[PDB]
Amino acid sequence: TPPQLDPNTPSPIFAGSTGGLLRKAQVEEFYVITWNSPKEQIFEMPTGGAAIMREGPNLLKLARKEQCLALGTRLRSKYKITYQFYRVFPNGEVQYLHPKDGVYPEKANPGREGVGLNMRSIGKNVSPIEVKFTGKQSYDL
Amino acid sequence: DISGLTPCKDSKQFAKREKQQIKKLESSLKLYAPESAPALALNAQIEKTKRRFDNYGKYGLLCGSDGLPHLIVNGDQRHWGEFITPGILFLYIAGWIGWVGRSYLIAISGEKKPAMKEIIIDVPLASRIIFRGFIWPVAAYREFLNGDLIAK
Amino acid sequence: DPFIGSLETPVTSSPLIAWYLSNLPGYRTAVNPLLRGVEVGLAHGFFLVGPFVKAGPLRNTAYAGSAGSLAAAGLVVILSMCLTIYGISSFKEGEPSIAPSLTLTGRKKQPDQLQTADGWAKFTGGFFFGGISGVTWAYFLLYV
Amino acid sequence: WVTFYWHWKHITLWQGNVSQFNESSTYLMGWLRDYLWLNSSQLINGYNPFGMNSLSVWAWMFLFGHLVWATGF
Amino acid sequence: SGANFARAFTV
Amino acid sequence: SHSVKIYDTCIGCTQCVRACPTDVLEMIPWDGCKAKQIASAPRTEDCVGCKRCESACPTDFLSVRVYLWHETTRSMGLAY
Amino acid sequence: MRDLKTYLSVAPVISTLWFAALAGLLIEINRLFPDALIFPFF
Amino acid sequence: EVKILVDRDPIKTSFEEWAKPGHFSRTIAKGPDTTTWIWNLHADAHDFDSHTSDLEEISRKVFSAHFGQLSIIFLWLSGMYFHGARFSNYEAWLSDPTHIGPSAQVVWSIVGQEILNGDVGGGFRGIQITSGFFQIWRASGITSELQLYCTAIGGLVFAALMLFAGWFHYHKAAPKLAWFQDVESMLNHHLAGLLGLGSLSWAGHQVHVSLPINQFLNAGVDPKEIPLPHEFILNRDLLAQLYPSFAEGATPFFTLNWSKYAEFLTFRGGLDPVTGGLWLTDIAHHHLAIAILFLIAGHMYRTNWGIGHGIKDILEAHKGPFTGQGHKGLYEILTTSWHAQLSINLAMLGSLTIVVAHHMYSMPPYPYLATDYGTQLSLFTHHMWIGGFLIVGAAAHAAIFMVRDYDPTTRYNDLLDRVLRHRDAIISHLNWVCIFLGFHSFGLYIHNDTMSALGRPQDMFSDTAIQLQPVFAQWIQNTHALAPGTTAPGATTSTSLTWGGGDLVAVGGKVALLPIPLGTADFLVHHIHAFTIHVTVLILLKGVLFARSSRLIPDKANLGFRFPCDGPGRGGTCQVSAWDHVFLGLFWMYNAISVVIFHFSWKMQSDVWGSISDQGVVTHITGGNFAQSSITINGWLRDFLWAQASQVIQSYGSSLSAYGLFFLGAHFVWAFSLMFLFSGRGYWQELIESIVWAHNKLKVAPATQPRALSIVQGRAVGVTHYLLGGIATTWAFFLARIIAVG
Ligand code: CLA
Ligand code: CLA
Ligand code: CLA
Ligand code: CLA
Ligand code: CLA
Ligand code: CLA
Ligand SMILES: CC1=C(/C=C/C(C)=C/C=C/C(C)=C/C=C/C=C(C)/C=C/C=C(C)/C=C/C2=C(C)CCCC2(C)C)C(C)(C)CCC1
Ligand SMILES: CC1=C(/C=C/C(C)=C/C=C/C(C)=C/C=C/C=C(C)/C=C/C=C(C)/C=C/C2=C(C)CCCC2(C)C)C(C)(C)CCC1
Ligand SMILES: CC1=C(C/C=C(\C)CCC[C@H](C)CCC[C@H](C)CCCC(C)C)C(=O)c2ccccc2C1=O
């Protein structure tokens with residue numbers, strides 16, 4: 001799948017709260033979550049309080065990945081709405097984060113590489129004396 | 001006699017303590033009417049104190065320097081009933097309890113769900129098992145010789 | 001912008017409060033830091049002189065004023081040392097300033113020169129001079 | 001426990017009478033009343049509204065230890 | 001008041 | 001960043017993938033079991049160490065293991 | 001009647017009856033024999 | 001409209017459900033596999049909201065539980081009355097109350113415990129009681145034992161009736177949901193019926209029975225010669241001789257010339273010199289006025305007719321400067337969830353109990369109560385502990401509501417959302433004020449101690465070196481002293497003697513009340529009180545506000561109200577649930593209440609209570625050293641804890657030995673609690689593993705596998721043991737000291 005873009009999407013109706021972005025947003029990074037709502041309805045923000053999401057495409061800014069994922073999973077469970085979020089740096093780079101293959105991770109799809117697979121039982125690991133005086137670790141082998 | 005102790009029927013501090021306690025009781029006895037119920041209660045207390053002191057003296061205990069009886073767990077034949085005679089009795093009773101419990105557990109190991117029998121005891125089987133502990137040493141010794149006491 | 005971690009309230013953004021806060025020496029931008037440091041030090045020393053001369057261990061003797069003034073001078077010296085240490089540890093020499101470059105209107109503005117090694121050094125020197133001057137002026141006024 | 005036992009036995013021996021320990025060491029109220037409460041009388045009087053003496057620093061360190069122990073909680 | 005106290009020591 | 005390792009005792013019940021709150025794990029096809037799939041952990045740098053994945057794993061001992069390691073801003077969960 | 005007996009066979013009720021009976025036996029023994037520090041029968 | 005709606009036989013009374021435990025929850029009902037099951041069966045016994053979801057069943061269960069509680073209370077009252085009737089010396093105490101100690105418990109003579117039957121006085125031996133029941137009975141007019149027997153029988157009958165009513169309302173006729181949600185009728189009946197008619201009837205009893213009998217008792221007549229209460233009702237001559245106004249009958253009241261009733265309905269105020277209590281005429285007058293006010297105020301809400309007011313209309317139509325629309329959806333929230341009502345009622349009850357304690361020590365309402373020091377101390381301490389516990393529980397139930405009963409979609413409230421949207425500012429300001437208050441309040445004491453230890457007594461914050469006087473409190477005291485002359489023309493004297501100025505009141509050679517001075521020590525202690533209260537408020541408010549979600553955990557609502565943690569990650573996330581916040585706030589509530597009761601006890605023993613001589617001088621119990629010795633921590637440790645504990649520890653071999661035994665037992669339990677508070681579960685599980693191996697080696701392993709207690713259970717056990725030990729220690733110390741010296 002080709003990653004999409006978020007040029008000029010509007011934002012939900014909110015009155016403001018003290019759980020928003022901080023200096024880290026200006027300094028390090030933040031996250032942007034976009035979805036599509038069929039009707040104007042009231043939902044609950046991760047930061048605190050209640051907001052209203054408009055009909056059409058909706059865009060929101062958050063400080064951590066956990067907040068984006070929690071809001072997205074609430075949308076999926078309760079409203080049956082697909083969602084996607086990116087990460088934004090101060091330099092303007094935009095990185096696509098949620099489903100990278102266009103499919104949620106809970107479902108298998110060919111074309112996915114295996115990472116961090118140990119082909120042995122958890123009780124076959126070597127003792128720490130074997131790996132002493134070297135940088136590697138027993139579970140790393 | 002033993003470890004520089006004095007027999008309890010010969011020491012003087014025992015009598016002094018008895019006199020002190022009796023005087024303390026009689027001081028409160030005087031306040032009430034002689035025929036009133038508190039007078040009867042205090043007279044009963046005085047009689048109990050005197051009987052206790054006489055029994056302690058007659059039982060052959062050994063008071064110390066300060067005036068209190070001292071127990072001897074050494075093993076001398078003159079103090080069989082001080083520690084050794086009661087202790088054996090305890091073991092007997094104690095063994096009883098343990099034996100009974102063990103038996104009951106085995107009696108419920110056969111069924112598929114023993115937890116229901118553990119949280120809700122049954123009275124018939126427990127009553128059958130209870131009286132088998134009266135001869136616990138013999139059964140325990142026979143099981144130890146046979147080899148069924150220890151799991152394998 | 002609602003999603004920024006702040007709120008707009010009568011106290012936070014009021015004409016009187018904004019005007020008062022935008023005139024304090026620590027918030028001017030086009031002024032070189034030395035004068036602002038001098039003003040801040042003068043105010044702080046003149047304020048600080050009082051409690052030491054009033055509640056010190058020698059408040060009941062004839063040595064109250066001198067001991068209190070000396071204690072205030074010591075506090076000013078320690079504060080100057082702390083400021084110098086913070087300036088050394090925080091800002092680098094050749095790097096540009098890290099002040100915001102645009103205001104609420106969005107109009108671009110020159111970044112403040114206080115958030116730099118030389119600017120902070122000038123501010124600390126001015127603060128030290130102003131604090132010493134304020135302490136001695138308060139001592140002169142109180143006991144003459 | 002060990003230090004309490006040693007200190008009480010030796011202080012009763014030094015003071016002259018060994019009957020106090022022999023008669024009050026067999027129950028816990030004896031330890032609480034005849035060892036701590038009885039012996040704290042001079043220690044808690046290091047400084048008072050009337051004055052102070054050379055035992056003031058020991059009372060101050062007593063309170064300091066109490067405060068640190070309570071802060072650990 | 002004596003009878004009330006004696007009620008406990010009847011036996 | 002912590003270290004999340006998947007062992008071969010897995011049976012592919014998809015519980016660990018659902019339990020993760022940061023989208024670290026995923027599933028790939030496999031042939032070592034009946035379900036014909038296994039887990040993998042590409043986005044390890046996002047792991048926060050909550051150990052929710054280990055709580056939902058039916059096995060005599062867990063087939064997914066999280067070892068804590070050097071901490072950072074993302075793994076510590078700082079919002080400022 | 002079956003379920004009444006079943007409930008009366010539950011652990012807390014059986015335990016409290018057993019402990020009450022044992023406490024009564026101990027109390028009566030201590031009342032009959034006032035105080036004793038040794039075993040004088042033998 | 002308003003009507004009675006019931007369901008016939010919703011459930012059938014059967015013993016089949018008793019046979020199997022845990023029928024309320026399916027996972028409990030399955031069967032026991034480990035020991036944890038047992039510990040769960042008691043944890044969710046009264047969690048009616050989680051057994052089902054329908055409101056009708058929850059409401060019916062709540063009604064039945066209330067009936068059972070009422071039956072238990074009635075049984076307890078009947079037992080107290082029967083003990084007063086049978087094993088007591090009430091008749092001896094009636095004639096000579098000053099020299100006889102109340103006692104209503106007698107110990108058997110089984111082992112050697114007969115020494116607990118101390119000689120209280122009046123030819124009686126028994127445990128002295130400090131419940132204050134004897135004063136209540138004397139003020140009620142009871143002068144015999146047959147009346148107490150009849151009262152006990154009536155209480156037993158009422159308990160039986162309450163039990164039958166509970167069974168009938170749960171199993172035969174269960175009210176429907178619409179019946180419960182009719183709050184207008186409930187409020188009308190609770191105000192006009194329960195609170196108005198009850199106080200009017202009590203005023204009737206006081207006017208008709210208590211007043212003449214108490215007049216005869218105060219006149220010096222023997223209790224056995226006073227006429228029976230019904231003779232006053234039957235005979236008008238006796239009342240006419242006692243009160244001429246009754247000779248006119250009820251004619252004046254219907255004629256609006258009520259001044260004729262000024263003989264036994266007065267406005268004097270103050271304390272009665274003979275018994276050191278409030279005038280009974282004033283109390284009867286106050287009860288009559290309260291009855292009239294409550295009957296008037298109980299007809300405000302519209303029920304089933306045209307007239308009245310609507311609660312929803314009042315809430316919605318209220319427009320103000322600061323609120324705005326504000327209260328709109330509050331009616332549904334407060335009529336749908338039980339937890340919000342529980343929280344509000346708990347907070348109100350706790351505050352009311354604390355106010356009750358303050359007012360009751362300030363003005364003694366019963367005869368011969370002020371001169372009984374043990375009763376006063378016990379009542380004050382008990383009521384304040386109860387109030388603190390209730391206030392603490394309110395926050396826990398508010399957190400429960402916020403976690404499991406709050407949704408912004410169906411029911412939306414503007415004020416709640418506005419509060420939630422800026423929690424950070426609230427918490428930050430509360431934290432700052434707590435830090436500042438604690439720093440100053442405790443730094444003053446530390447500075448006093450340090451200047452004392454260095455031989456510099458002239459640099460203290462004391463009454464001689466540097467003064468901090470509570471000027472506002474002194475001004476209020478002076479204004480209250482000057483009020484009766486000008487501000488209260490009707491009142492003959494001051495409302496209470498606590499205000500500065502006036503005269504000492506003493507009964508039987510013992511001081512009853514005198515003005516209480518205020519100095520630097522009172523200033524410092526009040527600021528410490530404020531600091532502790534603020535810290536407790538901060539803990540509870542943070543726990544309530546951050547229950548749904550936080551910056552660390554953005555989905556704390558899914559985990560629930562009671563979850564130990566989230567994991568070792570994020571640096572560690574132990575104790576983030578609101579339950580842990582309640583568990584933390586319990587300790588601070590305990591601290592604050594302990595400090596307050598210590599302050600009250602020392603101040604009363606130092607500057608109020610004491611003895612008076614024939615010449616006129618007053619000698620207090622502790623010599624009035626509170627004003628100079630309470631400004632240092634060493635003074636609190638030496639002059640209060642060390643000095644006043646002599647009577648507790650030296651009570652062995654006497655009639656107060658049980659107090660010393662409890663003194664030691666509470667210490668043991670307090671030390672025991674740290675075992676659960678400090679350690680962790682894994683070590684205990686790993687030890688139980690080896691113990692279980694040793695068991696299995698001998699074929700005695702149980703089917704219910706042993707398991708170590710869960711984390712939340714361990715914390716709960718620790719806090720329970722800690723609180724019990726501390727409270728028992730204070731109880732034993734206070735009671736022993738005040739019985740011995742008072
Ligand atoms: C917690 C509060 C506290 C307070 C108020 C005091 C107060 C006092 N101490 Mg003690 N002391 C304390 C705790 C405290 N102590 C502790 C914990 C210890 C350790 C054991 C000591 C040990 C100690 C020693 C060893 C000595 C004292 C002595 C003194 C005096 C010296 C004060 C001083 O010169 O500095 C005051 C300095 C200032 C710079 C004041 C700053 C605060 C200003 C007023 C803030 C006001 C803010 C403003 C109004 C807010 C809004 C701003 C807006 C207008 C824009 C003073 C009476 C000395 C003495 O003997 O005196 C008789 C002494 O030798 N103290
Ligand atoms: C039912 C009988 C029973 C029997 C035979 C044993 C046997 C044993 N116990 Mg176990 N134990 C039991 C019950 C029993 N236990 C219970 C109920 C508990 C929980 C309180 C424990 C907890 C326990 C611990 C913590 C330890 C042992 C240890 C031991 C061993 C050393 C003896 C001793 O120290 O006793 C210790 C005894 C106790 C602390 C209390 C036992 C008293 C119980 C209440 C009596 C049994 C009554 C039961 C309800 C009867 C029901 C039967 C009825 C329905 C017919 C020994 C193998 C020790 C060890 O490991 O040795 C190797 C040890 O460390 N036990
Ligand atoms: C004027 C009549 C009236 C009276 C006196 C009361 C009084 C009371 N109600 Mg209220 N209530 C009323 C009308 C009334 N209610 C109506 C119409 C409704 C429906 C809207 C409710 C709804 C209601 C609920 C849902 C609950 C109460 C509860 C209570 C009790 C609180 C406990 C207490 O404060 O101790 C005061 C102590 C005493 C006065 C007890 C003495 C016994 C009284 C006098 C019995 C007579 C009262 C009864 C209403 C009349 C009998 C009816 C029947 C014979 C036909 C108390 C008995 C709570 C309770 O405790 O549960 C049972 C409770 O949960 N009430
Ligand atoms: C006004 C009455 C009141 C009522 C009706 C409720 C109602 C409720 N509470 Mg609340 N609560 C209250 C006051 C009240 N509370 C107060 C004052 C506090 C502050 C401590 C709390 C704090 C609180 C907490 C912390 C929790 C609740 C919860 C609950 C619910 C579950 C009850 C439970 O399962 O216990 C069943 C019964 C027990 C577990 C009994 C425990 C034993 C107690 C603690 C021992 C006391 C010791 C005793 C006095 C000492 C004697 C010693 C001797 C026995 C040897 C229930 C709906 C629970 C919840 O989950 O709600 C859904 C919960 O977690 N409440
Ligand atoms: C026994 C000692 C103890 C002490 C001193 C504290 C201290 C404090 N608690 Mg803790 N706490 C304790 C036990 C203790 N706690 C226990 C047993 C529990 C139960 C688990 C808790 C649980 C707890 C909770 C739940 C909370 C606190 C909070 C607070 C803070 C309140 C603000 C304030 O007053 O601080 C000011 C400082 C003090 C009063 C301490 C004494 C300092 C004096 C003035 C000396 C200063 C000396 C000087 C500066 C030394 C410099 C010399 C050096 C350079 C060499 C404070 C840090 C609250 C908080 O953090 O909110 C603000 C809060 O939320 N505590
Ligand atoms: C003074 C309080 C205190 C007490 C009494 C204990 C007691 C004990 N500790 Mg703990 N502990 C404490 C504080 C305390 N600890 C603290 C502060 C810590 C630091 C975190 C620990 C950490 C700790 C560790 C790490 C270990 C223990 C273990 C033990 C046990 C050692 C064996 C033994 O002594 O048995 C003697 C038994 C008793 C004195 C228990 C009391 C018996 C009661 C009173 C009998 C019941 C009677 C009565 C009818 C009660 C009815 C209740 C009522 C509701 C009806 C024992 C249970 C060790 C262990 O588990 O060994 C097996 C161990 O591993 N403890
Ligand atoms: C102590 C106690 C008790 C007892 C109680 C009692 C005994 C009670 C009583 C009560 C009563 C006894 C009551 C009464 C009431 C009454 C009323 C409430 C009345 C009213 C009236 C009216 C309202 C009137 C009116 C009118 C008028 C004014 C005018 C004309 C017309 C008419 C007449 C209508 C018991 C045991 C239970 C329990 C425990 C405790
Ligand atoms: C706080 C508390 C308490 C106390 C309580 C009390 C003390 C209460 C009381 C209460 C009361 C005190 C009540 C009352 C009520 C009453 C009523 C309810 C009445 C009624 C009446 C009626 C119904 C009448 C009728 C009639 C008649 C008959 C005649 C005329 C006409 C008419 C119709 C009116 C206690 C200690 C327990 C503890 C816990 C808490
Ligand atoms: C002591 C302790 C334990 C172990 C405590 C246990 C196992 C409780 C034991 C309770 C009783 C004594 C066990 C037996 C109860 C039966 C009802 C006994 C029946 C037989 C007769 C005696 C009635 C924990 O599991 C724990 C967990 C988390 C934090 C702290 C701790 C902790 O401190």
# chains A, B, ... in the order shown; residues from 1 in each chain; ligands from 1
>>> residues_near_ligand(ligand="ligand 8", cutoff="7 Å", atoms="only C-alpha atoms and all ligand atoms", output="number ranges by chain")
H: 73, 193-194, 197-199, 201-202
>>> residues_near_ligand(ligand="ligand 4", cutoff="9 Å", atoms="only C-alpha atoms and all ligand atoms", output="PyMOL selection string")
chain H and resi 42-50+62+65-66+339+342-343+345-346+386-397+400+561-562+579-580+582-583+586+716-717+720-721+724
>>> write_last_selection(atoms="C-alpha atoms", output="tab-separated table (two decimals), in the first residue's frame")
chain	number	residue	atom	x	y	z
H	42	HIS	CA	-16.52	-12.01	50.49
H	43	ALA	CA	-15.11	-9.21	48.33
H	44	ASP	CA	-18.10	-9.06	45.95
H	45	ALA	CA	-20.84	-9.98	48.43
H	46	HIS	CA	-22.40	-6.49	48.47
H	47	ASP	CA	-21.37	-5.38	44.97
H	48	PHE	CA	-24.97	-5.24	43.81
H	49	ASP	CA	-24.07	-3.09	40.79
H	50	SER	CA	-21.89	-5.85	39.28
H	62	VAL	CA	-30.77	-1.94	48.74
H	65	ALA	CA	-30.34	-4.43	53.24
H	66	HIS	CA	-31.55	-1.19	54.84
H	339	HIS	CA	-23.08	6.02	43.99
H	342	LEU	CA	-24.05	7.68	48.49
H	343	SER	CA	-21.08	10.04	48.13
H	345	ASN	CA	-24.88	11.65	51.81
H	346	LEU	CA	-21.63	10.28	53.26
H	386	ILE	CA	-16.78	8.37	62.86
H	387	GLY	CA	-16.97	11.67	61.00
H	388	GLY	CA	-13.49	11.28	59.57
H	389	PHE	CA	-14.20	7.77	58.32
H	390	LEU	CA	-17.42	8.84	56.61
H	391	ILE	CA	-15.78	11.84	54.94
H	392	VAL	CA	-13.04	9.55	53.62
H	393	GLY	CA	-15.55	7.06	52.22
H	394	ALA	CA	-17.38	9.78	50.30
H	395	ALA	CA	-14.36	10.27	48.02
H	396	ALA	CA	-14.06	6.55	47.28
H	397	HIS	CA	-17.68	6.36	46.19
H	400	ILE	CA	-16.47	4.68	41.78
H	561	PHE	CA	-11.63	0.83	39.65
H	562	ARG	CA	-9.50	-1.82	41.41
H	579	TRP	CA	-8.59	2.57	45.19
H	580	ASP	CA	-4.90	3.10	45.94
H	582	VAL	CA	-8.23	6.03	48.99
H	583	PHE	CA	-5.82	3.58	50.66
H	586	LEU	CA	-6.73	6.77	55.01
H	716	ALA	CA	-6.08	-3.76	52.44
H	717	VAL	CA	-4.95	-6.09	55.23
H	720	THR	CA	-6.78	-2.35	58.29
H	721	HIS	CA	-4.29	-3.67	60.85
H	724	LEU	CA	-6.91	-0.85	64.22
>>> residues_around(residues="residue 148 (chain B)", least_positions_apart="4", cutoff="12 Å", atoms="only C-alpha atoms", output="ChimeraX atom specification")
/B:139-144,152 /H:697-699
>>> write_last_selection(atoms="N, CA, C and O atoms", output="PDB file, in the first residue's frame")
ATOM      1  N   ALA B 139      -1.358 -47.757  64.374  1.00  0.00           N
ATOM      2  CA  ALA B 139      -1.556 -47.684  62.931  1.00  0.00           C
ATOM      3  C   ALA B 139      -0.407 -46.951  62.254  1.00  0.00           C
ATOM      4  O   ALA B 139       0.053 -47.358  61.182  1.00  0.00           O
ATOM      5  N   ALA B 140       0.071 -45.865  62.867  1.00  0.00           N
ATOM      6  CA  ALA B 140       1.185 -45.120  62.292  1.00  0.00           C
ATOM      7  C   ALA B 140       2.449 -45.968  62.239  1.00  0.00           C
ATOM      8  O   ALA B 140       3.174 -45.947  61.238  1.00  0.00           O
ATOM      9  N   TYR B 141       2.733 -46.720  63.305  1.00  0.00           N
ATOM     10  CA  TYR B 141       3.911 -47.580  63.307  1.00  0.00           C
ATOM     11  C   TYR B 141       3.799 -48.675  62.255  1.00  0.00           C
ATOM     12  O   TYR B 141       4.773 -48.974  61.551  1.00  0.00           O
ATOM     13  N   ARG B 142       2.619 -49.288  62.133  1.00  0.00           N
ATOM     14  CA  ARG B 142       2.440 -50.328  61.126  1.00  0.00           C
ATOM     15  C   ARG B 142       2.601 -49.765  59.720  1.00  0.00           C
ATOM     16  O   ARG B 142       3.203 -50.407  58.852  1.00  0.00           O
ATOM     17  N   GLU B 143       2.071 -48.565  59.475  1.00  0.00           N
ATOM     18  CA  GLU B 143       2.215 -47.950  58.160  1.00  0.00           C
ATOM     19  C   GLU B 143       3.664 -47.578  57.874  1.00  0.00           C
ATOM     20  O   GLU B 143       4.126 -47.698  56.734  1.00  0.00           O
ATOM     21  N   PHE B 144       4.392 -47.112  58.891  1.00  0.00           N
ATOM     22  CA  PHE B 144       5.803 -46.798  58.701  1.00  0.00           C
ATOM     23  C   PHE B 144       6.604 -48.048  58.364  1.00  0.00           C
ATOM     24  O   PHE B 144       7.465 -48.022  57.477  1.00  0.00           O
ATOM     25  N   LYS B 152       5.956 -41.889  46.781  1.00  0.00           N
ATOM     26  CA  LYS B 152       7.078 -42.315  45.953  1.00  0.00           C
ATOM     27  C   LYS B 152       6.994 -41.721  44.551  1.00  0.00           C
ATOM     28  O   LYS B 152       7.987 -41.232  44.012  1.00  0.00           O
TER      29      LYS B 152
ATOM     30  N   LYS H 697       4.954 -34.426  50.174  1.00  0.00           N
ATOM     31  CA  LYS H 697       5.807 -35.570  50.485  1.00  0.00           C
ATOM     32  C   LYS H 697       5.113 -36.566  51.409  1.00  0.00           C
ATOM     33  O   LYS H 697       5.446 -37.755  51.397  1.00  0.00           O
ATOM     34  N   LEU H 698       4.143 -36.112  52.205  1.00  0.00           N
ATOM     35  CA  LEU H 698       3.468 -36.964  53.176  1.00  0.00           C
ATOM     36  C   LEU H 698       2.012 -37.240  52.814  1.00  0.00           C
ATOM     37  O   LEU H 698       1.235 -37.660  53.677  1.00  0.00           O
ATOM     38  N   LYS H 699       1.626 -37.010  51.558  1.00  0.00           N
ATOM     39  CA  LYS H 699       0.282 -37.326  51.068  1.00  0.00           C
ATOM     40  C   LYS H 699      -0.804 -36.613  51.873  1.00  0.00           C
ATOM     41  O   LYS H 699      -1.824 -37.204  52.229  1.00  0.00           O
TER      42      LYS H 699
END
>>> atom_distance(atom1="CA of residue 61 (chain B)", atom2="CA of residue 20 (chain B)")
20.5 Å
>>> residues_around(residues="residue 8 (chain B)", least_positions_apart="6", cutoff="7 Å", atoms="only C-alpha atoms", output="MDAnalysis selection string")
chainID B and resid 57 60:63
>>> residues_near_ligand(ligand="ligand 6", cutoff="7 Å", atoms="only C-alpha atoms and all ligand atoms", output="PyMOL selection string")
chain H and resi 668+671-672+674-675+678-679
>>> select_by_dssp(residues="region 13-127 of chain C", states="helix (DSSP H, G or I)", output="number ranges by chain")
C: 15-21, 33-55, 64-90, 117-127
>>> residues_near_ligand(ligand="ligand 1", cutoff="10 Å", atoms="only C-alpha atoms and all ligand atoms", output="PyMOL selection string")
(chain C and resi 47-60+68+71-72+75) or (chain H and resi 436-451+454+456-461+465-466)
>>> residues_around(residues="region 116-120 of chain A", least_positions_apart="4", cutoff="10 Å", atoms="only C-alpha atoms", output="ChimeraX atom specification")
/A:124-125,139-141 /F:3-9,38-42,44,63-64
>>> residues_near_ligand(ligand="ligand 3", cutoff="6 Å", atoms="only C-alpha atoms and all ligand atoms", output="number ranges by chain")
H: 63, 66-67, 180, 182, 185-186, 189-190, 193-194
>>> residues_near_ligand(ligand="ligand 2", cutoff="7 Å", atoms="only C-alpha atoms and all ligand atoms", output="JSON, numbers by chain")
{"B": [97, 98, 99, 100, 101, 102, 104, 121, 126, 129, 130], "H": [691, 694, 695, 698, 700]}
>>> residues_near_ligand(ligand="ligand 7", cutoff="9 Å", atoms="only C-alpha atoms and all ligand atoms", output="list in words")
residues 74, 77, 78, 81, 150, 151, 152, 153, 154, 155, 156, 157, 158, 159, 193, 196, 197, 198, 199, 200, 201, 202, 204 and 205 of chain H
>>> interface_residues(of="chain G", to="chain H", cutoff="8 Å", atoms="only C-alpha atoms", output="PyMOL selection string")
chain G and resi 3-4+6-7+27+30-31+34
>>> write_last_selection(atoms="N, CA and C atoms", output="mmCIF file, in the first residue's frame")
data_model
loop_
_atom_site.group_PDB
_atom_site.id
_atom_site.type_symbol
_atom_site.label_atom_id
_atom_site.label_comp_id
_atom_site.auth_asym_id
_atom_site.auth_seq_id
_atom_site.Cartn_x
_atom_site.Cartn_y
_atom_site.Cartn_z
ATOM 1 N N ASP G 3 -31.114 -29.445 52.015
ATOM 2 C CA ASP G 3 -30.295 -28.254 51.832
ATOM 3 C C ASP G 3 -30.027 -27.544 53.151
ATOM 4 N N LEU G 4 -30.937 -27.653 54.120
ATOM 5 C CA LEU G 4 -30.652 -27.124 55.450
ATOM 6 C C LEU G 4 -29.449 -27.828 56.066
ATOM 7 N N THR G 6 -27.152 -29.435 54.403
ATOM 8 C CA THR G 6 -25.992 -29.088 53.589
ATOM 9 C C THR G 6 -25.407 -27.746 54.008
ATOM 10 N N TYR G 7 -26.263 -26.747 54.234
ATOM 11 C CA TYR G 7 -25.776 -25.446 54.682
ATOM 12 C C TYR G 7 -25.150 -25.537 56.067
ATOM 13 N N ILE G 27 -13.655 -24.466 79.447
ATOM 14 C CA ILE G 27 -14.164 -23.613 80.516
ATOM 15 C C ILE G 27 -14.656 -24.455 81.685
ATOM 16 N N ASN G 30 -11.719 -25.989 83.541
ATOM 17 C CA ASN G 30 -11.034 -25.000 84.367
ATOM 18 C C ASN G 30 -11.866 -24.596 85.576
ATOM 19 N N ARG G 31 -13.195 -24.651 85.469
ATOM 20 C CA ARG G 31 -14.027 -24.347 86.629
ATOM 21 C C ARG G 31 -14.008 -25.488 87.638
ATOM 22 N N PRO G 34 -9.691 -25.707 89.667
ATOM 23 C CA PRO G 34 -9.474 -24.252 89.609
ATOM 24 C C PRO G 34 -8.183 -23.834 88.923
#
